[PDB]
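Novice: The structure follows.
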Amino acid sequence: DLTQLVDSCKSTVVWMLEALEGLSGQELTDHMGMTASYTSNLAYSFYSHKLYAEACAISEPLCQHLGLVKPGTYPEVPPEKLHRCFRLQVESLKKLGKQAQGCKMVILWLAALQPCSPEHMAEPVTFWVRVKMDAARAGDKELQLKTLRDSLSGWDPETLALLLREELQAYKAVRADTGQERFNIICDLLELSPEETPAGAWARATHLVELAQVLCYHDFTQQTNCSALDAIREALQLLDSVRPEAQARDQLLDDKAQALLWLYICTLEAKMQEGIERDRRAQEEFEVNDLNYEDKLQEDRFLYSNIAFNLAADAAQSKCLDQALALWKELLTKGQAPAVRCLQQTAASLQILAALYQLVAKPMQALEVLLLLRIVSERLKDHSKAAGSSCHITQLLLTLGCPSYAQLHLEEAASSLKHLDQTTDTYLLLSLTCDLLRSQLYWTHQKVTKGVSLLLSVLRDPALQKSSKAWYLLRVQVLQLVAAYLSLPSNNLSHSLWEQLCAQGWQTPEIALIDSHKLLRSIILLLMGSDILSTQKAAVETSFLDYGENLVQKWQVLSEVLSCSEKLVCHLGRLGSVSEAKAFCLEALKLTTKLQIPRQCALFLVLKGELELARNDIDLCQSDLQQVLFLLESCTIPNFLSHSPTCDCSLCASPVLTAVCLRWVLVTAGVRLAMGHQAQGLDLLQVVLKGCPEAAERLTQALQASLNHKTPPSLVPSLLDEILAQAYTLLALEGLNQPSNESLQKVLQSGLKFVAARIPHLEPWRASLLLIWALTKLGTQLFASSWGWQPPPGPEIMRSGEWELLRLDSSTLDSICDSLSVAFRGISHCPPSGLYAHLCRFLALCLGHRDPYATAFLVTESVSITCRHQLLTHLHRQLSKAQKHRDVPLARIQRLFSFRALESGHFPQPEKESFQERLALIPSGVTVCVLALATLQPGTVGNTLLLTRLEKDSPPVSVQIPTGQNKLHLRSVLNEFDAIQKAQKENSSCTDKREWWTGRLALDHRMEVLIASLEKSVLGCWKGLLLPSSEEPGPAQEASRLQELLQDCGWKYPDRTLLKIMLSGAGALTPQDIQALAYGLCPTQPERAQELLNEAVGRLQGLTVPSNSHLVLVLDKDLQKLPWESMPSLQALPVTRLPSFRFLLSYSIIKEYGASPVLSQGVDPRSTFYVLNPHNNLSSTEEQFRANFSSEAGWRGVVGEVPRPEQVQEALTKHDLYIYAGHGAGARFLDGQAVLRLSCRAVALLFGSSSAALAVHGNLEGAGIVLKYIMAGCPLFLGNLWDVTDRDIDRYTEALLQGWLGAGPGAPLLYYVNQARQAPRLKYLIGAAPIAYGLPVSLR
Ligand SMILES: [Zn+2]
């Protein structure tokens, strides 16, 4: 058909070919050129029609003419035309899928292009590599053996070298493993270069560095018998002894520069290999109480390799990099165009150097490299590379805190982006990046409304989820931007935009940051494997595949991993989650030890020293700080103190390492301020006040010289502002303890101007300074007028990351209240644990009974905040897993615990609306009592107690008890309790019966006096608020009559409910209780009020019956130690304690969706797992319980052996009862993290020492394994508050088990808990110890 017609045309074309034949002269060549262009037109049609055969007919004549052209020399009759025509023929051979004749035919293409300058032979080699690759892809090894040298074998040896160089460069662009092919070419290249001619020494040197790149990532030493380091040092020796010509001095540079750069990389890789080898070869009777199990599990295999750093090689290493920058600076900054061979390899190498500088934390010199990269891209006219470099510059400048210089480079990227094609992936990726940069620029310049709009559109772009390593890195930066918006106060953004942001999936900033950290570790695993950081062998070793972009991405990912850890550690430390932060700090320290970077190590040691200070561990804090000094002093009262603001020392020229030094003085002052050395900590803190503005000035001065802008960058950058704010906080805190010194007073105002000028970035520090303002103005008291009540035997034994798989690259009072309102709204979205409690309780005192509902919400909001943060992080992991597998109960729990689930308005209207909804959810028959103490001075224990009683269909009731007036202060009770605990440890050492028993008996009497002191001295008459109410209509009527009469007696705030609760317990109202109540409530006429109360109490007496109900206690960090359950009044009621008020409502949500079989149905006695005597040192315990436990029906367990973790998981998830008799809470068998990941269904009866005890370290909140059990859904948890001896605690276990189990179906556990307290001989030292966490349970 058309092909047959083409055959006829080919016949005419053959006649035309014959016509061109014989014809001689440029005119004949012109006629031949016309025929060639016609053949090109015919080939265009044939190619379009895939008529390879028809094109091949013309190609056959053309190939013959190509062979004829090879005979002798022919002028460039068809420049590019010949290449394009031959390209069609090669494409036709590719269309024929036959590559055997393709490679010989590219030879004819090479033969046709023979007498030309090196730029001309650049296209055939790309095809030559390409026809090689697809044939190699199928597996044609024979064609792989064919390279240019043997194929040609007929060329000028010098020109053959340049052809071989082009093949090597083309092989780097191939996105597959090409180590062996590249190695073959280099060996042929080395053979050609003579070893005696001075010009041959140059060629030998250039070829040697290519071998170093191949050997650095491939083990080919079995063939070349030379290591990477020896070859690279051999190259430098040859380069040193060269005296070049003036024309080629440009090429001497970029050869010496590339050699020095690759000296650094291959010596760095050797150090990393050595570290992994050292690591791989490299790989406790406190059981009485495991409260510190995690602390010991952090290990001590540190602080040794840290001193193995800072050897003189580190500076010697940095000398190589700095000299390479100097040489490349000379070559490029000159006006004249460069004369190098491949400017692309110069551009590619510069990107690797730029990335390495950021890894070693030298960002200023990384900015110089990126400026030169843009210079190369402008000459190369590659618009994609110019935009990429400009985006990196803007990202770098923002981190340094310079929003002014960031904008110009952001706009330069936009202009260069237009020249690109709008359909490629590069355009889409770069457009999204610039919008992300613009969104961050809006956030820094206080334009949040438009910034949120841009970010939302970026998050809603369908292309962001494309599977590639470049997209994964953009996703990481998107998540870090989300945390920036999630850190803002509520007033910045409207309710509509807040809902849209939280609907994406991230609630709190730490959740977003943790998700970013997970993604980065996934990229590392997808790139280099996990041996670099995971420390454990993953039973597989992946390749690295250095194809150019993989090499630069390798160093970029590592830098961002360290950068992410810094933000995560600082933010988690500020909230109060010290334990979680130390895990991130230690993992980052391990990475920096393997890379051997002293600069990054010093920064992370400083942060760890800050964390240890918050836990009141001075010895470890002092150990860390001295390690910093050795690293700092060898790298460059410390010597760096008192430095002029022009110092060019290695520690006086870099902003990163100046911040490390500034934090050192702050942490050093904190240690001295806690050790009693005032006037030295104050003097130290003055230096940080002086230093920070000076440091910013030098960085501002230096940034100008680097970028060569004209004006100073408008406002001074903002990177040391956080340090200056914390320094200003500490100084004002010591002003309270020394109010005599008027000098510290101006600091409080001087600090406030600094913080108020940078709203809304230093908002947490603004809140702290406002709180000190309230306390300074503050100094019963002035809070009295807001409240309605004014005060009138043988010694016994004492018992890290989750990687994810990624797809292939394929009046004074009013002023104080108004001031605190501003501070509360600045931190409520993400409250720190310490500050929030102080603010809420202080505000609650001032509001008093002027607003009962706001008072109840404030007191409720101030307890167990760190648990609330950890629960929200836990829920995100739960919901994310469900989405991975493929949730209504989880969604409602998130809204219950969220911080931003509020409407708009003035304080406190939205909170009262949200609080009223929560009250309506309270189950019937439950009384919720909150006990917390108000601390006026932060850092000390207060003497004022707050009590709130919450019930269904009843307004909240609150009351204040000041204990400083009477003897037996609340601090005295707390001090006495700790004195008993210390004497218990000392008495255990004695080894005689008489002194042991006599001492133990005395301790029991002291505990009895303390418990009775709680009821009489502390609670007084207000113990009635803890007892339940009554259902008879008697009390309500009497309160109705008494309310009017009591108002005329002088009661400021008459409340109907308070009298009703107190009149219900009229049976136990002692006559002394009446006097305390009557005098406080009615100061005007105390005698008259006594008459009415006595008249009313007498009538109600005998006519009251107690009801069946439940009491739940919520206690703060200090009051949770004391045994409230063992008070004389509460020895007849079921009492449990919960972490917070919201936890009670969480059980109701879970209970309705059928997720708690124990609460819904009951406990089946035939589902029990016991762990008895695991460590085999409690013989008397075993013989008292072995026989009883074994004979029971359906009971399984482990005796005398350590259980496996798999056994314990089945017990908690599938069995109903878990009994542990041994040392501690069994944290070793099941740690805290393992408990959190499972759904706990069983009831935990852990009879170990200090199992249900929360450790209070410093001002941080309590921690323990009991919180993990409650957060996993445990119905009830039973444990001990202090240490107990085995023989007595065995009696308690016996009484509780025999009584409860033998009681029959339908028996409540709490009733028999109180019964068993009488079994032990020491009824107040051992009997009071067991407590219950959770909700009451029963048998089926
Ligand atoms: Zn200096």
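Residue numbering restarts at 1 for every chain of the structure tokens, chains are lettered A, B, ... in their displayed order, and ligands are numbered from 1 as they appear.
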Once you count only C-alpha atoms and all ligand atoms, which residues end up within 7 Å of ligand 1, and could you hand them over as a list in words?
Specialist: residues 640, 643, 644, 646, 647, 648, 649, 651 and 652 of chain A
Novice: Name the residues in contact with residue A:1286 at a cut-off of 10 Å, using only C-alpha atoms, excluding same-chain residues fewer than 6 positions from it; report them as a compact mmCIF listing (two decimals) with N, CA and C atoms, in the first residue's frame.
Specialist:
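The file below, around32.txt, is the result:
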```
# COMPACT_ATOMS: atom_id res chain seq x y z
N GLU A 796 12.26 -9.31 107.45
CA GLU A 796 11.57 -9.83 106.28
C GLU A 796 12.03 -9.10 105.03
N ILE A 797 11.99 -9.81 103.90
CA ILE A 797 12.40 -9.23 102.63
C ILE A 797 11.42 -8.13 102.24
N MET A 798 11.96 -6.97 101.82
CA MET A 798 11.10 -5.79 101.52
C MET A 798 10.48 -5.87 100.11
N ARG A 799 10.42 -7.07 99.53
CA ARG A 799 9.77 -7.24 98.20
C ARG A 799 10.29 -6.16 97.23
N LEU A 1178 11.99 -15.45 96.76
CA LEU A 1178 10.94 -15.31 97.77
C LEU A 1178 10.36 -16.69 98.03
N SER A 1180 9.25 -18.05 101.03
CA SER A 1180 8.10 -18.12 101.92
C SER A 1180 6.82 -17.66 101.22
N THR A 1181 6.95 -16.70 100.30
CA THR A 1181 5.80 -16.29 99.50
C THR A 1181 5.30 -17.44 98.64
N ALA A 1221 2.72 -11.37 92.08
CA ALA A 1221 3.26 -11.44 93.43
C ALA A 1221 4.78 -11.52 93.32
N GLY A 1222 5.46 -10.40 93.56
CA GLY A 1222 6.90 -10.36 93.44
C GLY A 1222 7.48 -8.99 93.73
N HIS A 1223 8.55 -8.63 93.04
CA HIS A 1223 9.24 -7.37 93.26
C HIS A 1223 8.75 -6.34 92.24
N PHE A 1247 0.56 -6.95 93.47
CA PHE A 1247 0.98 -6.86 94.87
C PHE A 1247 2.51 -6.77 94.94
N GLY A 1248 3.01 -5.63 94.47
CA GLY A 1248 4.42 -5.34 94.54
C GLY A 1248 4.64 -3.98 95.16
N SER A 1249 5.88 -3.75 95.59
CA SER A 1249 6.19 -2.52 96.30
C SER A 1249 6.18 -1.32 95.35
```
Novice: Which neighbours of residue A:879 fall inside 10 Å, counting only C-alpha atoms, when residues of the same chain fewer than 5 positions from it are skipped, and could you give them as a list in words?
Specialist: residues 505, 874, 884, 887, 890 and 891 of chain A
Novice: Would you compute the distance between atom CA of residue A:666 and atom CA of residue A:934? Give it in Å to one decimal.
Specialist: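 Here the two named atoms are 29.0 Å from each other.
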Novice: For the structure I just gave you, how does DSSP split stretch 457-512 of chain A - specifically, which residues are helix (DSSP H, G or I)? Reply as a PyMOL selection string.
Specialist: chain A and resi 457-459+462-465+469-486+490-492+495-502+509-512
Novice: With a distance cut-off of 9 Å and only C-alpha atoms, select the neighbouring residues of residue A:475, excluding the residue or stretch itself and same-chain residues fewer than 6 positions from it, and output the selection as a PyMOL selection string.
Specialist: chain A and resi 464-465+516+519
Novice: Dump N, CA and C atoms for the selected residues as a PDB file, in the first residue's frame?
Specialist:
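As a result, out_17.pdb now contains:
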```pdb
ATOM      1  N   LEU A 464       0.693  16.027  45.632  1.00  0.00           N
ATOM      2  CA  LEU A 464       1.650  15.977  46.731  1.00  0.00           C
ATOM      3  C   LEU A 464       1.915  14.555  47.206  1.00  0.00           C
ATOM      4  N   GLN A 465       1.029  13.612  46.892  1.00  0.00           N
ATOM      5  CA  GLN A 465       1.155  12.235  47.350  1.00  0.00           C
ATOM      6  C   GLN A 465       1.872  11.344  46.341  1.00  0.00           C
ATOM      7  N   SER A 516       6.730  13.937  61.130  1.00  0.00           N
ATOM      8  CA  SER A 516       7.845  14.302  60.266  1.00  0.00           C
ATOM      9  C   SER A 516       9.066  13.436  60.555  1.00  0.00           C
ATOM     10  N   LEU A 519       8.687  10.025  58.952  1.00  0.00           N
ATOM     11  CA  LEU A 519       8.886  10.036  57.508  1.00  0.00           C
ATOM     12  C   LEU A 519      10.368  10.078  57.155  1.00  0.00           C
TER      13      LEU A 519
END
```
